[PDB]
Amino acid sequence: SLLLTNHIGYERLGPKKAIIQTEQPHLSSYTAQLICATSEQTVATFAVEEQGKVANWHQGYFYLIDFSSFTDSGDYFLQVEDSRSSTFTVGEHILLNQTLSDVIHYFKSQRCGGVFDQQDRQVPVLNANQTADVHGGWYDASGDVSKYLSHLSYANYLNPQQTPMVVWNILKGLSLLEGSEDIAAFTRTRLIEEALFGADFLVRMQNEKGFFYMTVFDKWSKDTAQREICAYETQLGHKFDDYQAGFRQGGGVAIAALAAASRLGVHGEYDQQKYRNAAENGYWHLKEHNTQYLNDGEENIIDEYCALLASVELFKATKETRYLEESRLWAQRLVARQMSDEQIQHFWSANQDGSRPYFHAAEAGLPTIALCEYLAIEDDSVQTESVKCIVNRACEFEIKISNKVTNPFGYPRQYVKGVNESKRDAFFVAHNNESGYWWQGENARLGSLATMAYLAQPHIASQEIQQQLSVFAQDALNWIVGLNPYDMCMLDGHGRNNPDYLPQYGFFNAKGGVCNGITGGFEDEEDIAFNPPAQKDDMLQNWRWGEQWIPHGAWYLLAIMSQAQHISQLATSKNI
């Protein structure tokens, strides 16, 4: 019997949930006591609600305790009969205060250096008989010194935004807490530094033709001789020469990141003008050439939300009306990806007809964030309204697909499809997809969905739906930092049961970093897995759960800065 909570803590004025997990079909007590950890006095009591089994999860029965109504600061634990939770804090900006600084140090620790960075001033561009200086940036994973704008391009619908997403997220977070006392001056300095570090690397990843390079890849060998600018395919990592980044292949966010970087009062190795020019050129190049870079030739949802971000940020920096038009273009095109069908109302589709739904292990909350970026730069009241409620429909879709089955954790559910299978709602991404191998923990996805939920809130009409989003987001954050079937905080250096990756080969997870996380089960996708016994030692498989990967950290970092902004915003409204 486990009494699962957020290992770190809860917002004083926010949703507070705990889950009893046990094999008992019923309990002998249905009162929980919240006990002050210092004095050991019971400060409040709460009902325990039966939830039952979840899908085909092997952990047993789940019981909800809702302590949201408790609003006193301090350190506490929960207790029912058999079981006791670990000690959590209740207070303002708790995940911000406790965890942001360690995530920054995480990024700084993961910066490219030494024999890798030196080689990266002289990297072979595959089948081009030349060399590029692409030093800087971060290593991608705890087991990968390669540097990515994206990958999995050959699968078409899987493209994760990587290095530029890190840069965008920090800049976005910076702008959300700009002028607030939520973070300190030196924290701002440090975040600016980390953003500019990646910004300079994006500059270097741009060819003179205008396109950005997709990957600096080493075939996971850590051998500097094997570092080549390329694209790659399958799990075996066959290198090919289609290294030009499409909008969906890192290209779009690269533009957005550089554009956002250009608005700052200070700069990196390159100046604001250089960031701006690299952005503009990258954009119009892709306007011209995008479809030649995309493996299937067809632009999808990913192309559209990335391009939206690009064009929005470009408008903010240049103030040129043609970028507002580009934004209008990309918005309306993205809006058209929202479709209904037999099973679901108002989902996101990957392709044109809805035959393949959008589900993304890294950035599933990006469609709505991109649309909300547009709605902030759009000027007249009447133009916005067709998007304003497509936002509302998307938000409500997340909530409803997550309420469609038994879901005590509030794990954000999704509409998935395998190759040669029919569409289904699920907790986790489909294992049999267009990659032929690729699926992993979804901590970045959850960070993006939490971010989405916080950032869509000004554009939501109903106060009812707003507070459902506050629950939705907290649920996603709770999962990442311990409130999950595995009682595992996935942020390294905080809470407990931190997973390592492969320490026996010197691939250690780094303090402040977030690993992949929990998946659908390996044999049964309705089951749940984290290093399951049969795959745990299989080195071809064990990267899916325990390995860190920069999107996770970046998305978590944006999520907590988004959260902090939303919390500040509520307390601001309360005074007037």
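A residue's number is simply how far along the shown sequence it sits, counting from 1.
Taking only the CA atoms, which stretch has the higher mean B-factor in the record, 348-356 or 97-105?
Result of the comparison: 348-356.
Quick check: 537-545 versus 28-36, which has the larger average CA B-factor in the record?
Stretch with the greater average CA B-factor: 537-545.
Considering only 333, 151, 172, 413, which residue's Cα atom bears the greatest B-factor as recorded?
When the deposited C-alpha B-factors of 333, 151, 172, 413 are compared, 333 is largest.
Can you pull the Cα B-factors for 368, 127, 443, 474 from the entry and say which is highest?
Max CA B-factor in the entry, restricted to 368, 127, 443, 474: 127.
Lowest, middle or highest third of the chain for the C-alpha temperature factor of residue 464?
Answer is highest: the recorded C-alpha B-factor places it there.
Thinking about Cα B factors across the chain, which third does residue 135 belong to?
It belongs to the middle third of the chain when residues are ordered by C-alpha B-factor.
Looking at the temperature factor on the CA atom of residue 454, which third of the chain's modelled residues does it land in?
For residue 454, the deposited C-alpha B-factor lands in the middle third.
By the recorded C-alpha temperature factor, relative to the other modelled residues in its chain, which third is residue 49 in?
Tercile = lowest for this residue's CA B-factor.
Would you mind checking where the Cα B-factor of residue 487 ranks among the modelled residues of its chain, as the lowest, middle or highest third?
Its C-alpha B-factor, which the entry lists for residue 487, ranks in the lowest third among residues of this chain.
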